[PDB]
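Coordinates from entry20.pdb are shown below (PDB, N, CA, C and O atoms).
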```
ATOM      1  N   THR A 838     -28.617-155.883-108.132
ATOM      2  CA  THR A 838     -28.767-155.791-109.583
ATOM      3  C   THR A 838     -29.885-156.695-110.086
ATOM      4  O   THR A 838     -30.724-156.275-110.893
ATOM      5  N   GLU A 839     -29.917-157.946-109.621
ATOM      6  CA  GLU A 839     -30.947-158.872-110.083
ATOM      7  C   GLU A 839     -32.325-158.469-109.569
ATOM      8  O   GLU A 839     -33.327-158.624-110.279
ATOM      9  N   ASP A 840     -32.398-157.944-108.344
ATOM     10  CA  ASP A 840     -33.671-157.452-107.827
ATOM     11  C   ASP A 840     -34.179-156.278-108.653
ATOM     12  O   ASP A 840     -35.373-156.200-108.972
ATOM     13  N   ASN A 841     -33.285-155.355-109.016
ATOM     14  CA  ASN A 841     -33.679-154.242-109.871
ATOM     15  C   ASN A 841     -34.136-154.736-111.237
ATOM     16  O   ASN A 841     -35.126-154.239-111.785
ATOM     17  N   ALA A 842     -33.428-155.719-111.799
ATOM     18  CA  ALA A 842     -33.827-156.274-113.089
ATOM     19  C   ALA A 842     -35.212-156.905-113.014
ATOM     20  O   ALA A 842     -36.022-156.753-113.935
ATOM     21  N   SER A 843     -35.499-157.622-111.925
ATOM     22  CA  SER A 843     -36.835-158.179-111.736
ATOM     23  C   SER A 843     -37.879-157.075-111.620
ATOM     24  O   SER A 843     -38.980-157.187-112.175
ATOM     25  N   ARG A 844     -37.548-155.997-110.902
ATOM     26  CA  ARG A 844     -38.463-154.865-110.795
ATOM     27  C   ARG A 844     -38.787-154.290-112.167
ATOM     28  O   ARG A 844     -39.946-153.980-112.466
ATOM     29  N   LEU A 845     -37.771-154.144-113.018
ATOM     30  CA  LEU A 845     -37.996-153.570-114.341
ATOM     31  C   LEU A 845     -38.761-154.528-115.243
ATOM     32  O   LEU A 845     -39.589-154.096-116.053
ATOM     33  N   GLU A 846     -38.496-155.831-115.128
ATOM     34  CA  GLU A 846     -39.271-156.800-115.895
ATOM     35  C   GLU A 846     -40.732-156.807-115.464
ATOM     36  O   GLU A 846     -41.618-157.069-116.286
ATOM     37  N   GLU A 847     -41.002-156.525-114.188
ATOM     38  CA  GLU A 847     -42.387-156.382-113.746
ATOM     39  C   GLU A 847     -43.005-155.090-114.269
ATOM     40  O   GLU A 847     -44.160-155.082-114.712
ATOM     41  N   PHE A 848     -42.252-153.988-114.224
ATOM     42  CA  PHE A 848     -42.794-152.691-114.619
ATOM     43  C   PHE A 848     -43.007-152.592-116.126
ATOM     44  O   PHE A 848     -43.859-151.815-116.580
ATOM     45  N   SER A 849     -42.235-153.348-116.911
ATOM     46  CA  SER A 849     -42.387-153.302-118.361
ATOM     47  C   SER A 849     -43.765-153.782-118.791
ATOM     48  O   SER A 849     -44.315-153.280-119.776
ATOM     49  N   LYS A 850     -44.339-154.746-118.067
ATOM     50  CA  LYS A 850     -45.698-155.183-118.368
ATOM     51  C   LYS A 850     -46.696-154.050-118.165
ATOM     52  O   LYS A 850     -47.597-153.849-118.989
ATOM     53  N   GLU A 851     -46.548-153.294-117.074
ATOM     54  CA  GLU A 851     -47.433-152.158-116.832
ATOM     55  C   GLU A 851     -47.271-151.095-117.911
ATOM     56  O   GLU A 851     -48.261-150.516-118.377
ATOM     57  N   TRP A 852     -46.029-150.818-118.314
ATOM     58  CA  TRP A 852     -45.816-149.819-119.360
ATOM     59  C   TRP A 852     -46.397-150.279-120.693
ATOM     60  O   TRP A 852     -46.967-149.472-121.438
ATOM     61  N   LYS A 853     -46.261-151.568-121.012
ATOM     62  CA  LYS A 853     -46.860-152.096-122.232
ATOM     63  C   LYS A 853     -48.379-152.006-122.182
ATOM     64  O   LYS A 853     -49.022-151.683-123.187
ATOM     65  N   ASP A 854     -48.971-152.295-121.020
ATOM     66  CA  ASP A 854     -50.416-152.154-120.874
ATOM     67  C   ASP A 854     -50.851-150.708-121.077
ATOM     68  O   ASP A 854     -51.855-150.442-121.747
ATOM     69  N   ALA A 855     -50.102-149.761-120.508
ATOM     70  CA  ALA A 855     -50.432-148.350-120.687
ATOM     71  C   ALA A 855     -50.327-147.938-122.151
ATOM     72  O   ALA A 855     -51.194-147.222-122.667
ATOM     73  N   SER A 856     -49.270-148.381-122.836
ATOM     74  CA  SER A 856     -49.105-148.039-124.246
ATOM     75  C   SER A 856     -50.219-148.640-125.094
ATOM     76  O   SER A 856     -50.733-147.986-126.010
ATOM     77  N   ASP A 857     -50.602-149.888-124.809
ATOM     78  CA  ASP A 857     -51.694-150.514-125.547
ATOM     79  C   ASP A 857     -53.012-149.793-125.297
ATOM     80  O   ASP A 857     -53.817-149.617-126.220
ATOM     81  N   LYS A 858     -53.255-149.377-124.052
ATOM     82  CA  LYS A 858     -54.465-148.622-123.745
ATOM     83  C   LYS A 858     -54.488-147.291-124.486
ATOM     84  O   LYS A 858     -55.526-146.887-125.022
ATOM     85  N   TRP A 859     -53.350-146.597-124.528
ATOM     86  CA  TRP A 859     -53.293-145.278-125.145
ATOM     87  C   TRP A 859     -53.194-145.327-126.664
ATOM     88  O   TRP A 859     -53.401-144.296-127.312
ATOM     89  N   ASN A 860     -52.884-146.487-127.247
ATOM     90  CA  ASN A 860     -52.880-146.600-128.701
ATOM     91  C   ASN A 860     -54.281-146.509-129.291
ATOM     92  O   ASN A 860     -54.420-146.204-130.480
ATOM     93  N   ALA A 861     -55.313-146.764-128.493
ATOM     94  CA  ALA A 861     -56.690-146.676-128.964
ATOM     95  C   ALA A 861     -57.341-145.380-128.493
ATOM     96  O   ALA A 861     -58.506-145.115-128.791
TER      97      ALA A 861
ATOM     98  N   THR B 838     -26.492-157.468-116.175
ATOM     99  CA  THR B 838     -26.690-156.087-115.739
ATOM    100  C   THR B 838     -26.544-155.105-116.895
ATOM    101  O   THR B 838     -27.353-154.182-117.041
ATOM    102  N   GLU B 839     -25.512-155.279-117.723
ATOM    103  CA  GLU B 839     -25.306-154.354-118.833
ATOM    104  C   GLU B 839     -26.411-154.489-119.877
ATOM    105  O   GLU B 839     -26.846-153.489-120.461
ATOM    106  N   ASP B 840     -26.884-155.715-120.117
ATOM    107  CA  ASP B 840     -28.005-155.905-121.031
ATOM    108  C   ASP B 840     -29.264-155.231-120.501
ATOM    109  O   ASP B 840     -30.004-154.592-121.261
ATOM    110  N   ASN B 841     -29.523-155.358-119.198
ATOM    111  CA  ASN B 841     -30.673-154.683-118.608
ATOM    112  C   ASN B 841     -30.538-153.170-118.722
ATOM    113  O   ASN B 841     -31.510-152.473-119.036
ATOM    114  N   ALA B 842     -29.334-152.644-118.480
ATOM    115  CA  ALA B 842     -29.113-151.207-118.599
ATOM    116  C   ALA B 842     -29.347-150.729-120.026
ATOM    117  O   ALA B 842     -29.924-149.659-120.244
ATOM    118  N   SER B 843     -28.899-151.509-121.013
ATOM    119  CA  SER B 843     -29.171-151.168-122.406
ATOM    120  C   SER B 843     -30.668-151.188-122.694
ATOM    121  O   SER B 843     -31.185-150.316-123.403
ATOM    122  N   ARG B 844     -31.378-152.178-122.147
ATOM    123  CA  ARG B 844     -32.828-152.232-122.316
ATOM    124  C   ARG B 844     -33.493-150.980-121.761
ATOM    125  O   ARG B 844     -34.399-150.417-122.384
ATOM    126  N   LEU B 845     -33.050-150.529-120.587
ATOM    127  CA  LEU B 845     -33.652-149.345-119.982
ATOM    128  C   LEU B 845     -33.291-148.080-120.748
ATOM    129  O   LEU B 845     -34.117-147.168-120.872
ATOM    130  N   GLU B 846     -32.063-147.999-121.263
ATOM    131  CA  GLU B 846     -31.695-146.854-122.088
ATOM    132  C   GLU B 846     -32.507-146.814-123.376
ATOM    133  O   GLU B 846     -32.796-145.729-123.893
ATOM    134  N   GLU B 847     -32.881-147.981-123.906
ATOM    135  CA  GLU B 847     -33.769-148.007-125.066
ATOM    136  C   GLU B 847     -35.190-147.601-124.685
ATOM    137  O   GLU B 847     -35.845-146.852-125.418
ATOM    138  N   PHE B 848     -35.681-148.090-123.544
ATOM    139  CA  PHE B 848     -37.059-147.820-123.142
ATOM    140  C   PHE B 848     -37.260-146.371-122.715
ATOM    141  O   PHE B 848     -38.381-145.848-122.804
ATOM    142  N   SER B 849     -36.202-145.715-122.233
ATOM    143  CA  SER B 849     -36.323-144.327-121.807
ATOM    144  C   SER B 849     -36.703-143.420-122.968
ATOM    145  O   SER B 849     -37.424-142.436-122.774
ATOM    146  N   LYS B 850     -36.232-143.732-124.177
ATOM    147  CA  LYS B 850     -36.634-142.959-125.348
ATOM    148  C   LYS B 850     -38.133-143.077-125.595
ATOM    149  O   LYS B 850     -38.803-142.079-125.887
ATOM    150  N   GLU B 851     -38.678-144.290-125.475
ATOM    151  CA  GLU B 851     -40.116-144.477-125.646
ATOM    152  C   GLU B 851     -40.899-143.733-124.573
ATOM    153  O   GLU B 851     -41.936-143.121-124.860
ATOM    154  N   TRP B 852     -40.425-143.781-123.325
ATOM    155  CA  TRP B 852     -41.126-143.068-122.259
ATOM    156  C   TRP B 852     -41.073-141.559-122.474
ATOM    157  O   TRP B 852     -42.061-140.857-122.225
ATOM    158  N   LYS B 853     -39.931-141.042-122.935
ATOM    159  CA  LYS B 853     -39.831-139.619-123.241
ATOM    160  C   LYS B 853     -40.764-139.236-124.381
ATOM    161  O   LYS B 853     -41.393-138.172-124.348
ATOM    162  N   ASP B 854     -40.862-140.088-125.405
ATOM    163  CA  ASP B 854     -41.791-139.825-126.499
ATOM    164  C   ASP B 854     -43.231-139.796-126.001
ATOM    165  O   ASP B 854     -44.016-138.928-126.398
ATOM    166  N   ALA B 855     -43.594-140.740-125.128
ATOM    167  CA  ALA B 855     -44.945-140.756-124.577
ATOM    168  C   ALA B 855     -45.224-139.503-123.754
ATOM    169  O   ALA B 855     -46.303-138.905-123.863
ATOM    170  N   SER B 856     -44.260-139.089-122.927
ATOM    171  CA  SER B 856     -44.446-137.890-122.114
ATOM    172  C   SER B 856     -44.578-136.647-122.985
ATOM    173  O   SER B 856     -45.403-135.769-122.707
ATOM    174  N   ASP B 857     -43.769-136.551-124.043
ATOM    175  CA  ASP B 857     -43.870-135.416-124.955
ATOM    176  C   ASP B 857     -45.211-135.409-125.677
ATOM    177  O   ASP B 857     -45.812-134.347-125.876
ATOM    178  N   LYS B 858     -45.691-136.587-126.087
ATOM    179  CA  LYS B 858     -46.995-136.671-126.737
ATOM    180  C   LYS B 858     -48.110-136.237-125.796
ATOM    181  O   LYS B 858     -49.032-135.519-126.202
ATOM    182  N   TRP B 859     -48.043-136.661-124.534
ATOM    183  CA  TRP B 859     -49.106-136.363-123.583
ATOM    184  C   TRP B 859     -49.005-134.968-122.981
ATOM    185  O   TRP B 859     -49.953-134.530-122.321
ATOM    186  N   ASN B 860     -47.890-134.263-123.186
ATOM    187  CA  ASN B 860     -47.790-132.890-122.707
ATOM    188  C   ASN B 860     -48.650-131.931-123.520
ATOM    189  O   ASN B 860     -48.943-130.829-123.046
ATOM    190  N   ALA B 861     -49.059-132.323-124.722
ATOM    191  CA  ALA B 861     -49.901-131.480-125.560
ATOM    192  C   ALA B 861     -51.359-131.923-125.484
ATOM    193  O   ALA B 861     -52.190-131.497-126.286
TER     194      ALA B 861
END
```
This structure in structure tokens:
Amino acid sequence: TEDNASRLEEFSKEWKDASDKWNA
Amino acid sequence: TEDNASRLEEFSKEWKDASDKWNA
């Protein structure tokens, strides 16, 4: 569970970067 | 674990919105 949570906390940065890129 | 699951259930809506936007 904690490993999966760490994976998602890592992936959220990538998703935020993608959303910021696509907002422009 | 339950807080992380709630976070992912919230984020899935945003990902679905992004996929729907990019399908057009």
For stretch 840-851 of chain B, work out the shell of residues within 8 Å, counting all atoms listed in the file and skipping chain neighbours fewer than 6 positions away, then give it as number ranges by chain. A: 838, 842; B: 857-858
How many Å lie between atom O of residue B:853 and atom N of residue B:839, rounded to one decimal? 24.3 Å
Between atom CA of residue B:861 and atom CA of residue A:854, what distance in Å does the model show, to one decimal?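 About the pair atom CA of residue B:861 and atom CA of residue A:854: they are 21.2 Å apart.
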Superposed chain A (ref. Chain B, all C-alpha pairs in order) as a PDB file with N, CA, C and O atoms, in the frame of the given file:
```
ATOM      1  N   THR A 838     -26.491-157.459-116.182  1.00  0.00           N
ATOM      2  CA  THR A 838     -26.653-156.080-115.726  1.00  0.00           C
ATOM      3  C   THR A 838     -26.529-155.093-116.880  1.00  0.00           C
ATOM      4  O   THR A 838     -27.347-154.175-117.018  1.00  0.00           O
ATOM      5  N   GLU A 839     -25.509-155.263-117.724  1.00  0.00           N
ATOM      6  CA  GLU A 839     -25.318-154.337-118.836  1.00  0.00           C
ATOM      7  C   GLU A 839     -26.422-154.486-119.878  1.00  0.00           C
ATOM      8  O   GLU A 839     -26.854-153.493-120.477  1.00  0.00           O
ATOM      9  N   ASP A 840     -26.896-155.713-120.103  1.00  0.00           N
ATOM     10  CA  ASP A 840     -28.015-155.914-121.018  1.00  0.00           C
ATOM     11  C   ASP A 840     -29.274-155.230-120.501  1.00  0.00           C
ATOM     12  O   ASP A 840     -30.006-154.592-121.268  1.00  0.00           O
ATOM     13  N   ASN A 841     -29.540-155.346-119.198  1.00  0.00           N
ATOM     14  CA  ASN A 841     -30.684-154.657-118.614  1.00  0.00           C
ATOM     15  C   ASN A 841     -30.531-153.147-118.731  1.00  0.00           C
ATOM     16  O   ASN A 841     -31.497-152.440-119.040  1.00  0.00           O
ATOM     17  N   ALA A 842     -29.321-152.635-118.492  1.00  0.00           N
ATOM     18  CA  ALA A 842     -29.085-151.200-118.624  1.00  0.00           C
ATOM     19  C   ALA A 842     -29.336-150.728-120.051  1.00  0.00           C
ATOM     20  O   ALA A 842     -29.916-149.658-120.266  1.00  0.00           O
ATOM     21  N   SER A 843     -28.901-151.512-121.040  1.00  0.00           N
ATOM     22  CA  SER A 843     -29.186-151.176-122.432  1.00  0.00           C
ATOM     23  C   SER A 843     -30.685-151.196-122.706  1.00  0.00           C
ATOM     24  O   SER A 843     -31.208-150.327-123.415  1.00  0.00           O
ATOM     25  N   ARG A 844     -31.393-152.183-122.148  1.00  0.00           N
ATOM     26  CA  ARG A 844     -32.843-152.239-122.304  1.00  0.00           C
ATOM     27  C   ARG A 844     -33.502-150.980-121.759  1.00  0.00           C
ATOM     28  O   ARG A 844     -34.408-150.417-122.386  1.00  0.00           O
ATOM     29  N   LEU A 845     -33.056-150.519-120.590  1.00  0.00           N
ATOM     30  CA  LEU A 845     -33.660-149.335-119.987  1.00  0.00           C
ATOM     31  C   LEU A 845     -33.294-148.071-120.752  1.00  0.00           C
ATOM     32  O   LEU A 845     -34.116-147.156-120.875  1.00  0.00           O
ATOM     33  N   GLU A 846     -32.065-147.993-121.268  1.00  0.00           N
ATOM     34  CA  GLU A 846     -31.696-146.850-122.095  1.00  0.00           C
ATOM     35  C   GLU A 846     -32.507-146.813-123.384  1.00  0.00           C
ATOM     36  O   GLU A 846     -32.786-145.729-123.909  1.00  0.00           O
ATOM     37  N   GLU A 847     -32.890-147.980-123.907  1.00  0.00           N
ATOM     38  CA  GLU A 847     -33.782-148.007-125.063  1.00  0.00           C
ATOM     39  C   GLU A 847     -35.200-147.597-124.679  1.00  0.00           C
ATOM     40  O   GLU A 847     -35.852-146.840-125.408  1.00  0.00           O
ATOM     41  N   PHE A 848     -35.692-148.087-123.539  1.00  0.00           N
ATOM     42  CA  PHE A 848     -37.071-147.820-123.140  1.00  0.00           C
ATOM     43  C   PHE A 848     -37.274-146.371-122.708  1.00  0.00           C
ATOM     44  O   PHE A 848     -38.395-145.851-122.798  1.00  0.00           O
ATOM     45  N   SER A 849     -36.217-145.717-122.222  1.00  0.00           N
ATOM     46  CA  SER A 849     -36.341-144.328-121.791  1.00  0.00           C
ATOM     47  C   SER A 849     -36.714-143.418-122.952  1.00  0.00           C
ATOM     48  O   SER A 849     -37.439-142.437-122.760  1.00  0.00           O
ATOM     49  N   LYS A 850     -36.235-143.726-124.159  1.00  0.00           N
ATOM     50  CA  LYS A 850     -36.633-142.951-125.329  1.00  0.00           C
ATOM     51  C   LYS A 850     -38.130-143.071-125.584  1.00  0.00           C
ATOM     52  O   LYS A 850     -38.801-142.075-125.879  1.00  0.00           O
ATOM     53  N   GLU A 851     -38.673-144.286-125.470  1.00  0.00           N
ATOM     54  CA  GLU A 851     -40.109-144.478-125.650  1.00  0.00           C
ATOM     55  C   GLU A 851     -40.901-143.736-124.581  1.00  0.00           C
ATOM     56  O   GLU A 851     -41.935-143.123-124.877  1.00  0.00           O
ATOM     57  N   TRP A 852     -40.437-143.787-123.331  1.00  0.00           N
ATOM     58  CA  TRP A 852     -41.147-143.078-122.268  1.00  0.00           C
ATOM     59  C   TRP A 852     -41.092-141.568-122.475  1.00  0.00           C
ATOM     60  O   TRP A 852     -42.081-140.867-122.227  1.00  0.00           O
ATOM     61  N   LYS A 853     -39.948-141.050-122.926  1.00  0.00           N
ATOM     62  CA  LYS A 853     -39.847-139.626-123.224  1.00  0.00           C
ATOM     63  C   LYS A 853     -40.770-139.237-124.370  1.00  0.00           C
ATOM     64  O   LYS A 853     -41.399-138.173-124.336  1.00  0.00           O
ATOM     65  N   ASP A 854     -40.860-140.085-125.398  1.00  0.00           N
ATOM     66  CA  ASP A 854     -41.785-139.818-126.495  1.00  0.00           C
ATOM     67  C   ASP A 854     -43.227-139.792-126.005  1.00  0.00           C
ATOM     68  O   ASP A 854     -44.010-138.921-126.401  1.00  0.00           O
ATOM     69  N   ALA A 855     -43.593-140.739-125.138  1.00  0.00           N
ATOM     70  CA  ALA A 855     -44.948-140.759-124.593  1.00  0.00           C
ATOM     71  C   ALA A 855     -45.232-139.509-123.768  1.00  0.00           C
ATOM     72  O   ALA A 855     -46.311-138.914-123.879  1.00  0.00           O
ATOM     73  N   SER A 856     -44.275-139.097-122.934  1.00  0.00           N
ATOM     74  CA  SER A 856     -44.468-137.900-122.119  1.00  0.00           C
ATOM     75  C   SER A 856     -44.593-136.655-122.987  1.00  0.00           C
ATOM     76  O   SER A 856     -45.424-135.780-122.713  1.00  0.00           O
ATOM     77  N   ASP A 857     -43.772-136.553-124.037  1.00  0.00           N
ATOM     78  CA  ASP A 857     -43.865-135.411-124.941  1.00  0.00           C
ATOM     79  C   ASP A 857     -45.199-135.397-125.675  1.00  0.00           C
ATOM     80  O   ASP A 857     -45.796-134.331-125.872  1.00  0.00           O
ATOM     81  N   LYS A 858     -45.678-136.569-126.096  1.00  0.00           N
ATOM     82  CA  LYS A 858     -46.980-136.647-126.749  1.00  0.00           C
ATOM     83  C   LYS A 858     -48.098-136.219-125.806  1.00  0.00           C
ATOM     84  O   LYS A 858     -49.014-135.491-126.204  1.00  0.00           O
ATOM     85  N   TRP A 859     -48.037-136.661-124.549  1.00  0.00           N
ATOM     86  CA  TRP A 859     -49.099-136.370-123.595  1.00  0.00           C
ATOM     87  C   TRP A 859     -49.005-134.974-122.995  1.00  0.00           C
ATOM     88  O   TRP A 859     -49.977-134.517-122.384  1.00  0.00           O
ATOM     89  N   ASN A 860     -47.871-134.287-123.149  1.00  0.00           N
ATOM     90  CA  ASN A 860     -47.777-132.910-122.680  1.00  0.00           C
ATOM     91  C   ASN A 860     -48.636-131.959-123.503  1.00  0.00           C
ATOM     92  O   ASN A 860     -48.968-130.871-123.022  1.00  0.00           O
ATOM     93  N   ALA A 861     -49.001-132.343-124.722  1.00  0.00           N
ATOM     94  CA  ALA A 861     -49.844-131.510-125.571  1.00  0.00           C
ATOM     95  C   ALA A 861     -51.282-132.018-125.569  1.00  0.00           C
ATOM     96  O   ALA A 861     -52.153-131.446-126.224  1.00  0.00           O
TER      97      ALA A 861
END
```
Would you mind reading off the distance between atom N of residue B:852 and atom CA of residue A:860, one decimal, in Å? 13.9 Å
